[PDB]
Each structure stands twice: as structure tokens, then as C-alpha cells.
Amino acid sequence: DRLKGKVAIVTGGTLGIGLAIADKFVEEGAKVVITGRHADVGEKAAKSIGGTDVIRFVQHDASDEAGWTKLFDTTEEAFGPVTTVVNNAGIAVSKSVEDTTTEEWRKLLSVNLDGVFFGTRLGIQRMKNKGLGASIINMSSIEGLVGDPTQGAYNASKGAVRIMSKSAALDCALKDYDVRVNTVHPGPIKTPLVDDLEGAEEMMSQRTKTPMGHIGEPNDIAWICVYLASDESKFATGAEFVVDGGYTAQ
């Protein structure tokens, strides 16, 4: 259907937002590789969506540079030329800038920023100039648009992804690469991980935070990623797609 012929890598694809992206990608006809760090979880997640003819799990840590080349080779071996890269893997640190230790800072940025860099750079190299309608979708958060006093390192990583993606988009467009790069900026989304933090959903559902008075669900982010992966969005590049319940509109 809407993603006919697409082959997608979805990092952090075994839980929450990434899992829903993979689910709707398969529903729309794409073949998907979802990555994660734990194999006992990752395989049941893939099977929860489809069989190995449409979706497969590959253990990969987004900060693992060499593993990225291996991840692409495995995906192409399974499904053919990669067309779509969703850089979704990330981690959080609940600290102000003042209270962030240098170890927390470096570890978060090696996943949230270096990992997105590794996936974007390689995706451009492996997908340019092949008539694929290639699309790189970088998950860049409402925390890439506004600050949060207790997400200092996360804010830095998401702001970096936001503008680095415009650089990539412009270079691909100017060089007729047939690769588009866009960022998605989710507001608060209900996941089992948000569930395990007592008070988190309640805090984020305050009207002063999310004007809709509730947080979203993973499918809310999947559907905008479907649009961005499909050729329906062949004129969209370097842009920010915000699905946040009004959070940044006030």
C-alpha cells in the first residue's frame, strides 16, 4: 500500500514509539528491521507484528559505529536495498544542566547524537543516487524545540539532531541524491516506560504542559512517520513535524 517497496531500519524499534512505527510500516507494505539491545525482547516484538518475511529484529546499539555498516548489510541481505532510516533510539537523563555529570552527558550524547549522526551519514552514503525515494526520519522531540529545566543533556542532543538534519537535507537536495531528511518532534507519549515512572503521565497531562489534557499514544508518531517515509512527502525535506497535543503552541 502506502510504503510499497520500502525497506526500513527502525532503531529502538522493539518498544513504544519505535515499535508502533515498525507496526504501521509493515501494515503499509514496507519490510522492516527493528533494532534493540536485548534479543529475548526484540524477537517477540518482531513476531508480534509479522513473520520474518516482513519484519526482523537485529541486536544493535545505536552508538556502535561499526555495527551500523553491519546492520545495513544484514538488512539488505534480508530485504534488498535500504530505502528508509528512522533514527529513533535514545536515552533520557533526568538532570538539569547544572546537575548533569560528565559521564551522564557523554553517554546520552553518544546514543542520542552520535547514533543519529552515524545512521544519517551512512544512510546518505548507502541510499543516494539509486532512485529509491529514500527518506531519513530523525526523532528530535519537542525537547529539540523548547528547553526543559531537568532535561539539559537531552535538550542538547535533540537540538543538535534538529539542525544537523537540516544540513543533511540541504546537501542531499542540492546534490540531487534522491534522499530526504526530516525531523519528527513528539510531545509526551504514553509508553510502558512512562508508565513505570510514577506521576509522569499525570505531570505531562497538566493543561500547562499538554493543552489537550492527555498524552498521546505511539500510533500518533507512527502515522506521521508513514507519511514521511512514503513518496507522498517527496517535496518535504529539512522540515520539522510536530505531534505534541499543542505543547509547543503555547
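Residue indices: 1-based, along the sequence shown.
Selected stretch [higher average CA B-factor]: 119-127 or 69-77: That would be 69-77.
Compare the mean C-alpha B-factor of 198-206 with that of 50-58 as given in the PDB entry, and name the stretch with the higher value. Stretch with the greater average CA B-factor: 198-206.
Please work out which residue in 218, 211, 42, 186 has the highest C-alpha B-factor recorded for this crystal structure. Result of the comparison over 218, 211, 42, 186: 42.
Per the coordinate record, which of the options 193, 181, 30, 222 holds the highest CA temperature factor? Of the candidates given, the C-alpha B-factor peaks at 193.
Quick one: classify residue 143 as lowest, middle or highest third of the chain based on its Cα B-factor. Its C-alpha B-factor, which the entry lists for residue 143, ranks in the lowest third among residues of this chain.
Consider only the C-alpha atoms of the modelled residues in this chain, order them by B-factor as the entry records it, and name the third containing residue 10: lowest, middle or highest. Within its chain, residue 10 is a middle-third residue by C-alpha B-factor, going by the deposited values.
Lowest, middle or highest third of the chain for the C-alpha temperature factor of residue 91? Its C-alpha B-factor, which the entry lists for residue 91, ranks in the highest third among residues of this chain.
What third of its chain, lowest, middle or highest, does the C-alpha temperature factor of residue 238 fall into? Within its chain, residue 238 is a lowest-third residue by C-alpha B-factor, going by the deposited values.
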